[PDB]
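Chemist: File start38.txt below, compact mmCIF, C-alpha atoms (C1' of nucleotides):
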# COMPACT_ATOMS: atom_id res chain seq x y z
CA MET O 1 104.91 -183.95 -77.46
CA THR O 2 102.92 -186.56 -75.53
CA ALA O 3 100.42 -187.59 -78.22
CA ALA O 4 102.89 -190.01 -79.80
CA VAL O 5 103.89 -191.36 -76.38
CA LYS O 6 100.29 -192.05 -75.39
CA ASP O 7 99.56 -193.57 -78.81
CA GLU O 8 102.48 -195.97 -78.40
CA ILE O 9 101.38 -196.90 -74.87
CA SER O 10 97.79 -197.49 -76.02
CA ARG O 11 98.94 -199.67 -78.94
CA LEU O 12 100.96 -201.91 -76.59
CA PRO O 13 99.46 -205.42 -76.42
CA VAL O 14 98.70 -206.80 -72.95
CA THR O 15 98.08 -210.41 -71.94
CA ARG O 16 98.00 -210.90 -68.16
CA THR O 17 94.58 -210.40 -66.58
CA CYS O 18 95.70 -208.86 -63.28
CA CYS O 19 97.65 -206.11 -65.05
CA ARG O 20 94.62 -205.31 -67.21
CA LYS O 21 92.47 -205.05 -64.08
CA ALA O 22 95.01 -202.74 -62.45
CA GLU O 23 95.21 -200.52 -65.54
CA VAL O 24 91.41 -200.26 -65.73
CA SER O 25 91.17 -199.39 -62.04
CA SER O 26 93.90 -196.75 -62.33
CA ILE O 27 92.36 -195.03 -65.35
CA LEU O 28 88.88 -195.10 -63.80
CA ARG O 29 90.18 -193.64 -60.53
CA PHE O 30 92.20 -190.86 -62.14
CA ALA O 31 90.17 -189.72 -65.17
CA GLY O 32 86.81 -191.09 -64.00
CA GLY O 33 83.97 -190.42 -61.61
CA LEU O 34 80.56 -191.51 -60.41
CA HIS O 35 77.19 -189.74 -60.47
CA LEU O 36 74.05 -190.71 -58.55
CA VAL O 37 71.26 -189.70 -60.94
CA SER O 38 67.69 -191.02 -61.24
CA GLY O 39 68.43 -193.25 -58.25
CA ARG O 40 71.25 -195.14 -60.01
CA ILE O 41 75.02 -194.76 -60.15
CA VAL O 42 76.61 -194.03 -63.54
CA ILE O 43 80.35 -194.10 -64.25
CA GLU O 44 81.83 -191.47 -66.57
CA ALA O 45 85.48 -191.48 -67.66
CA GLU O 46 86.91 -188.68 -69.80
CA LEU O 47 89.96 -189.34 -71.99
CA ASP O 48 91.73 -187.11 -74.51
CA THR O 49 93.27 -189.89 -76.61
CA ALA O 50 91.97 -191.81 -79.61
CA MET O 51 92.95 -195.41 -78.85
CA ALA O 52 92.93 -195.14 -75.05
CA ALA O 53 89.14 -194.85 -74.79
CA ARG O 54 88.63 -197.87 -77.04
CA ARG O 55 91.18 -199.83 -75.01
CA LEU O 56 89.41 -198.98 -71.75
CA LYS O 57 86.01 -199.93 -73.18
CA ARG O 58 87.35 -203.24 -74.49
CA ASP O 59 89.00 -204.03 -71.16
CA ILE O 60 85.76 -203.32 -69.28
CA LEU O 61 83.71 -205.47 -71.65
CA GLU O 62 86.20 -208.34 -71.59
CA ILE O 63 87.15 -208.73 -67.94
CA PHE O 64 84.33 -207.01 -66.04
CA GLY O 65 81.51 -207.92 -68.44
CA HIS O 66 79.82 -204.58 -69.12
CA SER O 67 78.74 -202.40 -72.04
CA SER O 68 79.76 -198.80 -72.76
CA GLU O 69 78.59 -196.04 -75.09
CA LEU O 70 81.77 -194.22 -76.24
CA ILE O 71 80.31 -190.81 -76.96
CA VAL O 72 82.47 -188.24 -78.76
CA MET O 73 80.67 -185.03 -77.76
CA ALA O 74 83.05 -182.74 -75.89
CA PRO O 75 82.08 -181.97 -72.26
CA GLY O 76 84.36 -178.95 -72.57
CA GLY O 77 82.27 -177.83 -75.54
CA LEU O 78 85.11 -176.86 -77.87
CA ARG O 79 84.86 -180.17 -79.77
CA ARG O 80 88.40 -179.54 -81.05
CA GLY O 81 90.28 -181.60 -78.46
CA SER O 82 88.15 -184.70 -79.13
CA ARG O 83 87.32 -185.06 -75.43
CA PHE O 84 86.10 -188.64 -75.54
CA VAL O 85 83.81 -189.73 -72.70
CA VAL O 86 83.07 -193.40 -72.01
CA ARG O 87 79.94 -194.12 -69.98
CA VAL O 88 78.68 -197.11 -68.00
CA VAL O 89 75.07 -196.99 -66.80
CA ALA O 90 73.85 -200.61 -66.82
CA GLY O 91 75.22 -202.32 -63.73
CA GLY O 92 77.17 -199.22 -62.75
CA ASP O 93 76.98 -200.10 -59.06
CA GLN O 94 78.41 -203.57 -59.70
CA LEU O 95 81.26 -202.16 -61.78
CA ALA O 96 82.06 -199.55 -59.13
CA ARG O 97 82.02 -202.12 -56.32
CA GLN O 98 84.01 -204.76 -58.23
CA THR O 99 86.67 -202.41 -59.63
CA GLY O 100 87.86 -200.86 -56.35
CA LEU O 101 86.42 -197.34 -56.51
CA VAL O 102 83.95 -198.08 -53.69
CA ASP O 103 84.28 -200.86 -51.12
CA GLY O 104 82.94 -201.76 -47.71
CA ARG O 105 79.50 -200.31 -48.47
CA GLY O 106 80.97 -196.89 -47.75
CA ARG O 107 82.63 -193.79 -49.13
CA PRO O 108 84.73 -193.80 -52.33
CA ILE O 109 88.34 -194.81 -51.76
CA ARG O 110 90.66 -191.81 -51.99
CA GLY O 111 93.79 -193.72 -52.98
CA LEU O 112 94.23 -196.52 -55.45
CA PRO O 113 92.39 -199.77 -54.71
CA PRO O 114 94.15 -202.04 -52.21
CA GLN O 115 94.23 -204.79 -54.85
CA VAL O 116 96.51 -202.71 -57.10
CA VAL O 117 98.85 -202.00 -54.18
CA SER O 118 100.80 -204.90 -52.67
CA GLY O 119 100.78 -206.71 -56.01
CA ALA O 120 103.45 -207.89 -58.42
CA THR O 121 105.78 -205.38 -60.05
CA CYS O 122 103.92 -205.96 -63.32
CA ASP O 123 100.70 -204.68 -61.74
CA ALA O 124 102.52 -201.67 -60.26
CA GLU O 125 103.93 -200.69 -63.65
CA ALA O 126 100.53 -201.31 -65.26
CA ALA O 127 98.93 -198.96 -62.72
CA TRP O 128 101.57 -196.33 -63.49
CA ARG O 129 100.91 -196.83 -67.21
CA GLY O 130 97.20 -196.28 -66.69
CA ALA O 131 97.86 -193.19 -64.59
CA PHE O 132 100.08 -191.74 -67.31
CA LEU O 133 97.49 -192.51 -69.99
CA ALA O 134 94.70 -190.87 -67.98
CA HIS O 135 96.51 -187.65 -67.04
CA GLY O 136 100.07 -186.44 -67.37
CA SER O 137 102.49 -184.49 -69.52
CA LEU O 138 106.05 -184.53 -70.87
CA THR O 139 107.14 -180.91 -70.99
CA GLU O 140 110.92 -180.74 -71.56
CA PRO O 141 110.80 -176.95 -71.03
CA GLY O 142 114.42 -176.60 -69.96
CA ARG O 143 116.92 -179.23 -68.86
CA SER O 144 114.56 -182.06 -67.82
CA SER O 145 111.27 -183.50 -69.01
CA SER O 146 109.44 -183.07 -65.70
CA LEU O 147 107.43 -186.22 -66.31
CA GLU O 148 104.65 -184.91 -64.08
CA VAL O 149 101.30 -186.62 -63.61
CA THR O 150 98.62 -184.98 -61.46
CA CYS O 151 96.46 -186.88 -59.00
CA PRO O 152 93.29 -186.11 -57.00
CA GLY O 153 94.34 -185.77 -53.38
CA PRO O 154 97.66 -186.58 -51.69
CA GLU O 155 96.75 -190.25 -51.33
CA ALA O 156 96.79 -191.16 -55.02
CA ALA O 157 100.00 -189.19 -55.60
CA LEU O 158 101.87 -190.83 -52.73
CA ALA O 159 100.54 -194.25 -53.77
CA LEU O 160 101.97 -193.64 -57.24
CA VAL O 161 105.29 -192.65 -55.66
CA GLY O 162 105.27 -195.88 -53.66
CA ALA O 163 104.49 -197.93 -56.76
CA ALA O 164 107.36 -196.24 -58.61
CA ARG O 165 109.69 -197.06 -55.71
CA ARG O 166 109.02 -200.78 -56.18
CA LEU O 167 110.47 -200.36 -59.70
CA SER O 168 113.74 -198.99 -58.26
CA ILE O 169 112.91 -195.66 -59.92
CA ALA O 170 113.19 -192.34 -58.11
CA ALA O 171 110.06 -190.20 -57.81
CA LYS O 172 108.85 -187.20 -55.83
CA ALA O 173 105.39 -186.05 -54.81
CA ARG O 174 104.68 -182.33 -54.93
CA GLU O 175 101.81 -179.95 -54.17
CA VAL O 176 101.29 -176.49 -55.67
CA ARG O 177 98.28 -174.15 -55.75
CA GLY O 178 96.16 -176.83 -54.08
CA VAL O 179 96.78 -179.39 -56.86
CA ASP O 180 99.26 -182.22 -56.33
CA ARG O 181 101.22 -184.42 -58.70
CA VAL O 182 104.15 -186.83 -58.88
CA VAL O 183 107.24 -185.91 -60.90
CA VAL O 184 110.64 -187.37 -61.72
CA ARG O 185 113.37 -184.96 -62.83
CA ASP O 186 116.68 -186.69 -63.59
CA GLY O 187 116.98 -187.99 -67.13
CA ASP O 188 118.11 -191.52 -66.27
CA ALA O 189 114.99 -192.29 -64.22
CA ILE O 190 112.81 -190.75 -66.94
CA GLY O 191 114.36 -193.01 -69.57
CA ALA O 192 114.18 -196.16 -67.46
CA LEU O 193 110.57 -195.46 -66.49
CA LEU O 194 109.47 -194.79 -70.06
CA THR O 195 111.28 -197.95 -71.18
CA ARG O 196 109.48 -200.01 -68.54
CA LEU O 197 106.05 -198.70 -69.55
CA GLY O 198 106.62 -200.27 -73.00
CA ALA O 199 107.19 -197.29 -75.27
CA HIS O 200 110.25 -197.86 -77.47
CA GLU O 201 110.39 -195.38 -80.37
CA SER O 202 109.53 -192.43 -78.12
CA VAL O 203 112.18 -193.62 -75.66
CA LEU O 204 114.80 -193.58 -78.41
CA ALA O 205 113.72 -190.19 -79.77
CA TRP O 206 113.95 -188.74 -76.26
CA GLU O 207 117.35 -190.38 -75.73
CA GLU O 208 118.92 -188.92 -78.87
CA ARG O 209 117.26 -185.54 -78.26
CA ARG O 210 118.63 -185.33 -74.72
CA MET O 211 122.11 -186.57 -75.64
CA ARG O 212 122.44 -184.15 -78.57
CA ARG O 213 121.02 -181.14 -76.72
CA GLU O 214 122.88 -181.93 -73.49
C1' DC N 1 74.69 -142.45 -80.64
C1' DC N 2 78.32 -144.48 -76.98
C1' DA N 3 80.06 -147.29 -72.86
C1' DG N 4 81.44 -151.62 -70.49
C1' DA N 5 83.27 -156.47 -71.90
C1' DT N 6 86.98 -158.22 -74.08
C1' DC N 7 91.24 -157.90 -75.17
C1' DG N 8 95.91 -155.38 -76.21
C1' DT N 9 99.50 -153.55 -73.81
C1' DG N 10 102.16 -152.10 -69.83
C1' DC N 11 104.06 -151.81 -65.11
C1' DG N 12 104.64 -153.96 -61.09
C1' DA N 13 104.38 -157.87 -57.81
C1' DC N 14 105.55 -162.04 -57.15
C1' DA N 15 105.07 -167.35 -56.29
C1' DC N 16 108.11 -169.43 -57.03
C1' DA N 17 112.18 -171.74 -61.44
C1' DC N 18 116.36 -172.59 -61.39
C1' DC N 19 120.58 -174.96 -59.81
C1' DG N 20 123.69 -174.43 -56.66
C1' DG N 21 125.41 -173.65 -51.68
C1' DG N 22 125.87 -174.05 -46.35
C1' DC N 23 124.47 -175.39 -42.47
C1' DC N 24 120.75 -177.52 -39.20
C1' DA N 25 116.08 -179.74 -36.73
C1' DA N 26 113.79 -184.15 -35.99
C1' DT N 27 114.52 -188.57 -35.42
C1' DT N 28 117.02 -191.82 -34.99
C1' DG N 29 118.03 -197.71 -34.21
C1' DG N 30 121.37 -200.30 -33.40
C1' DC N 31 121.55 -203.51 -29.33
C1' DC N 32 126.74 -201.46 -25.97
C1' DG N 33 126.54 -203.10 -21.80
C1' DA N 34 124.45 -204.79 -17.51
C1' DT N 35 120.92 -207.19 -15.07
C1' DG N 36 117.39 -210.85 -14.30
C1' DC N 37 113.65 -214.96 -14.84
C1' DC N 38 112.43 -219.14 -17.49
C1' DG N 39 113.36 -223.78 -20.29
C1' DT N 40 115.68 -227.99 -20.01
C1' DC N 41 117.47 -231.75 -17.77
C1' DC N 42 119.06 -234.85 -14.33
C1' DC N 43 118.16 -237.03 -10.65
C1' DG N 44 115.20 -238.48 -6.32
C1' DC N 45 111.65 -240.78 -4.43
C1' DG N 46 107.37 -242.86 -4.51
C1' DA N 47 102.49 -244.38 -6.36
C1' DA N 48 100.81 -247.45 -9.70
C1' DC N 49 101.17 -250.93 -13.16
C1' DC N 50 101.73 -255.07 -15.18
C1' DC N 51 103.42 -259.94 -14.90
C1' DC N 52 104.29 -264.34 -12.67
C1' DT N 53 103.35 -267.81 -8.99
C1' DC N 54 100.77 -270.84 -5.55
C1' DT N 55 96.00 -273.38 -2.59
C1' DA N 56 95.89 -280.49 -0.90
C1' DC N 57 88.35 -282.61 2.81
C1' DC N 58 86.61 -283.39 -2.65
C1' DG N 59 85.47 -283.20 -7.22
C1' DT N 60 85.82 -287.30 -13.00
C1' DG N 61 80.57 -286.43 -19.85
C1' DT N 62 78.29 -281.12 -24.50
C1' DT N 63 60.79 -272.90 -50.64
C1' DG N 64 60.82 -273.67 -55.20
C1' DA N 65 63.24 -274.90 -58.97
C1' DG N 66 67.23 -276.43 -61.41
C1' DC N 67 71.31 -279.29 -62.00
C1' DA N 68 74.82 -282.72 -60.72
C1' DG N 69 77.35 -286.66 -58.07
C1' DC N 70 77.27 -290.83 -54.96
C1' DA N 71 75.36 -295.23 -52.66
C1' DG N 72 72.44 -299.11 -52.81
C1' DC N 73 70.25 -302.56 -55.64
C1' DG N 74 68.03 -305.50 -59.70
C1' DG N 75 69.71 -308.13 -62.89
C1' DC N 76 73.02 -310.12 -66.83
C1' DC N 77 77.62 -312.41 -67.74
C1' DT N 78 81.10 -315.35 -66.74
I'd like the structure from this file rewritten - as structure tokens, please.

Modeler:
Amino acid sequence: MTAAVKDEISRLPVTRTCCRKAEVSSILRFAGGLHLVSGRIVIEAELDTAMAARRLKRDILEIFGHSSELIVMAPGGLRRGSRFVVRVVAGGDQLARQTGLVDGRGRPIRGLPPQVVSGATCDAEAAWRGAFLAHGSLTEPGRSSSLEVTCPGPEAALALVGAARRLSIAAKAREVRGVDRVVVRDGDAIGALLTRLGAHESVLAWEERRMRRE
DNA sequence: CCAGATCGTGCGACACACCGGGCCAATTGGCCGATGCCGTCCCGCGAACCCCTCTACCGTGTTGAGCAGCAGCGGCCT
């Protein structure tokens, strides 16, 4: 359902440096976290996609200059979902401070880094791409996909809504059962958004499926 | 041995899923229209600001070294 979509997004080549930085920051913020162990900060990011973890590791090594481990052992323990976990221990504090998770010698930033916000539209769509790669789903249970992506806390969700607005694409933040996400319902916005992210074959398949079924 | 955990199954509740209705709260944000103080400018005079002019006892002076060209001189040549 979404495996092909995320594969296509991961396989998309990227050139501009700022967009790569924004994508890395988004994925780290959404599907990543920090742990203060043995007196040092270690960054752990959990992905459930084959190529996405490699892409994130390569981006870190290239732009931020750091090394990762890329372990395949499942934190869930099932070992069937291939819950990849990429780790950064050497220079973890520097990576955290220079990627936007923590700034001002203070608490972790709830929303997306200020650098990602108030940037070019390319960086906004790159941040949305990273958010979709990290977490999200494409359900199509009934009449609409419900292209929902969950976020930690209202701040990240509303920041994603704001970023989507800059693309002239409708979006809506929602909260249920204490967990909040951003969703877009109408088919036209879904198609335009998926086209902008870079996926092509999945966009077509969805287009014909919707037109034939509806 | 055999009894609760796990799960099957069942009944109900039920938190909303819908996608569609029918009105509303908050909250407007424009400048509408009316009233009022400040920027610009046009003198008005006056302080200063710069230039020009004139004063008639009279009075009359400021190292060493290397290389090259020119002036004076001894001495033929006519």

Chemist: Any chance you could tabulate, as CSV, the residues of chain O at most 12 Å from chain N with each one's nearest atom pair and distance in Å to one decimal, using all atoms listed in the file, in chain and rising number order?

Modeler:
residue,atom,partner,partner_atom,distance
O:141,CA,N:17,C1',11.0
O:142,CA,N:18,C1',9.7
O:143,CA,N:18,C1',10.0
O:144,CA,N:18,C1',11.6
O:176,CA,N:16,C1',9.9
O:177,CA,N:15,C1',9.6

Chemist: Taking 3 positions as the minimum chain separation for residues in the same chain, which residues sit within 10 Å of residue O:152 when counting all atoms listed in the file? Answer as a ChimeraX atom specification.

Modeler: /O:29-31,110-111,155-157,179-181

Chemist: Between atom CA of residue O:206 and atom CA of residue O:158, what is the spacing in Å?

Modeler: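 Spanning atom CA of residue O:158 to atom CA of residue O:206 is a straight-line distance of 26.5 Å.
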
Chemist: So that I can see what lies close to stretch 87-91 of chain O, please list as JSON, numbers by chain the residues with an atom at most 6 Å from it, counting all atoms listed in the file and leaving out residues fewer than 3 positions away in the same chain.

Modeler: {"O": [42, 43, 44, 68, 69, 94]}

Chemist: Could you take the residues named above and write them with C-alpha atoms, as a PDB file, in the frame of the given file?

Modeler:
ATOM      1  CA  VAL O  42      76.610-194.030 -63.540  1.00  0.00           C
ATOM      2  CA  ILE O  43      80.350-194.100 -64.250  1.00  0.00           C
ATOM      3  CA  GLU O  44      81.830-191.470 -66.570  1.00  0.00           C
ATOM      4  CA  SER O  68      79.760-198.800 -72.760  1.00  0.00           C
ATOM      5  CA  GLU O  69      78.590-196.040 -75.090  1.00  0.00           C
ATOM      6  CA  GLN O  94      78.410-203.570 -59.700  1.00  0.00           C
TER       7      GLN O  94
END

Chemist: Interatomic distance between atom CA of residue O:209 and atom CA of residue O:136?

Modeler: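 That distance, rounded to one decimal, is 20.4 Å.
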
Chemist: So what do you get for atom CA of residue O:12 versus atom CA of residue O:34, distance-wise?

Modeler: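 The value is 28.0 Å.
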